[PDB]
Amino acid sequence: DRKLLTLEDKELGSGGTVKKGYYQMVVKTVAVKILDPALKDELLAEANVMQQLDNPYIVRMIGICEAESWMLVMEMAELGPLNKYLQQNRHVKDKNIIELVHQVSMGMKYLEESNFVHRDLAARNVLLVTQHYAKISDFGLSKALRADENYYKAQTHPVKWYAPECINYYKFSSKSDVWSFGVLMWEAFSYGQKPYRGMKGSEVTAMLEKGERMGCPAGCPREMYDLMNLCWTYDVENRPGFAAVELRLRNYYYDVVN
Ligand SMILES: Cc1nn(-c2ccnc(Nc3ccc4c(c3)c(Cl)nn4C)n2)cc1CN1CC(O)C1
């Protein structure tokens, strides 16, 4: 009910617009994504997925608002995109970055179990509730998998976060979200640095099929860099699943705690 939502004149970010608002339920603070007949359907589908998901480390949507424009309203994470933050806060300890990406992998594991493929997992589409609390956002590309198939198949087509099988065969699985998570891990320990800096997506694809990968980010626990590389296994069937990844993040996290 639109009149029970208030918005800022200014925009958190852009590319339409994203805006902070307050939704009278005690008011709760909220984020709204502000938006051709196709785009409604997308925002509306984007919203259908979120509704079905229930997890600490996934952004909770409130609902959709039909008003002046088409608008999407979610439980708001004040601290914003993980990448931008990390860039502007170099003082954050690797122990905390582990904490955060274990949270994303816990969030992704739930998503796997719910047989949904994200398709846009990246450091920009992780948001911080707090500096110790991460949530995955941006389900605009997400698909619920069929009950009898482990992958979504697309038509003609973000390249630098996508596994080879996505680039060559258009197949998006939980395992391809693992590839992206790998790039998201790289981004995290490179304090918000962009991946494969300066290259064209085509060169990136040529590089990967040569067997080459990105180097270790300064300060990065070797065990985490090893995980990045298990995540970047070329063969979809040898690349670990999100259960296997989460397990390794958890086990490793505790040994660093004390
Ligand atoms: C679908 C969606 N949800 N959502 C959101 C949800 C909860 N809190 C917040 N807080 C928040 C969200 C976005 C922000 C900032 C803070 C800042 Cl600062 N800049 N930007 C773009 N934002 C943000 C988006 C669109 N963005 C493109 C990607 O970076 C996320």
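In order, the residues displayed for chain A correspond to 366-380, 383-392, 395-404, 410-531, 535-635 in Swiss-Prot numbering, which applies throughout.
The header says X-ray crystallography, 2.4 Å.
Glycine too: its Cβ is placed from the backbone N, Cα and C atoms.
Less than 8 angstroms from the CB of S379 (phosphoserine) sit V385, each of them six or more residues away in the same chain. In the three-state DSSP reading, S379 (phosphoserine) counts as strand. Among the features that Swiss-Prot reports, phosphoserine is placed at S379 (among others).
Cβ neighbours within 10 Å of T384 (phosphothreonine), excluding its own Cβ and spanning all shown chains: 16. Here Swiss-Prot flags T384 (among others) as phosphothreonine, drawing on experimental evidence.
Around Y484 (phosphotyrosine), the same-chain residues at least 6 positions away in sequence with a Cβ under 8 Å from its Cβ are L427, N429, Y431, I432. Per Swiss-Prot, the feature phosphotyrosine maps to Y484 (among others); the stated evidence is experimental evidence.
Listed in sequence order, the residues of the same chain lying 6 or more apart from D494 (active site, proton acceptor) and placing their CB within less than 8 Å of its CB are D512, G514, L515, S516, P535, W538, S557. Positions annotated as active site, proton acceptor by Swiss-Prot, on the basis of sequence analysis: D494.
Non-local neighbourhood of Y507 (phosphotyrosine): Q477, each in the same chain, at least six residues away, with C-beta under 8 Å from its C-beta. The phosphotyrosine annotation in Swiss-Prot covers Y507 (among others) and is backed by experimental evidence.
Annotated phosphotyrosine per Swiss-Prot: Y525 (among others), in sequence order, evidence recorded as experimental evidence. DSSP assigns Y525 (phosphotyrosine) to a strand in the three-state reduction.
Taken from Swiss-Prot, the feature phosphotyrosine covers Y526 (among others), and the record attributes it to experimental evidence.
Under DSSP, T530 (phosphothreonine) is assigned to coil, being neither helix nor strand in the three-state scheme. Sequence-distant contacts of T530 (phosphothreonine), defined as residues of its own chain at least six apart whose C-beta falls under 8 angstroms from its C-beta, are absent. Per Swiss-Prot, phosphothreonine is recorded for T530 (among others), and the stated evidence type is experimental evidence.
A helical conformation is recorded for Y546 (phosphotyrosine) in the three-state DSSP classification. Around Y546 (phosphotyrosine), taking its Cβ as the centre, 13 other Cβ atoms fall within 10 Å, counting all chains. Summarising the annotation, Swiss-Prot assigns phosphotyrosine to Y546 (among others).
Taking a C-beta cut-off of under 8 angstroms and a sequence separation of 6 or more, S579 (phosphoserine) has the following same-chain neighbours: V536. Among the features that Swiss-Prot reports, phosphoserine is placed at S579 (among others).
Annotated phosphothreonine per Swiss-Prot: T582 (among others), in sequence order, evidence recorded as experimental evidence. Non-local neighbourhood of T582 (phosphothreonine): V536, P541, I544, each in the same chain, at least six residues away, with C-beta under 8 Å from its C-beta.
Marked as phosphotyrosine by Swiss-Prot on the basis of experimental evidence: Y630 (among others). Annotation note: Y630 (phosphotyrosine) sits in a helical segment as assigned by DSSP. The local packing around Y630 (phosphotyrosine), expressed as other Cβ atoms within 10 Å of its Cβ over all shown chains, amounts to 15.
Annotated phosphotyrosine per Swiss-Prot: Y631 (among others), in sequence order, evidence recorded as experimental evidence. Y631 (phosphotyrosine) has a Cβ environment of 9 other Cβ atoms inside 10 Å.
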Cα-to-Cα distance of termini bounding the 5-residue gap, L404 and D410, in Å:
11
With 3 residues not built between them, what is the whole-number Cα-Cα distance in Å for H531 and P535?
9
Using C-alpha positions only, work out which of the modified residues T384, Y525, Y526, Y546 is nearest to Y631 (phosphotyrosine).
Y525
Ten-angstrom check, please: count other Cβ atoms within 10 Å of the Cβ of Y525 (phosphotyrosine), all chains counted.
20
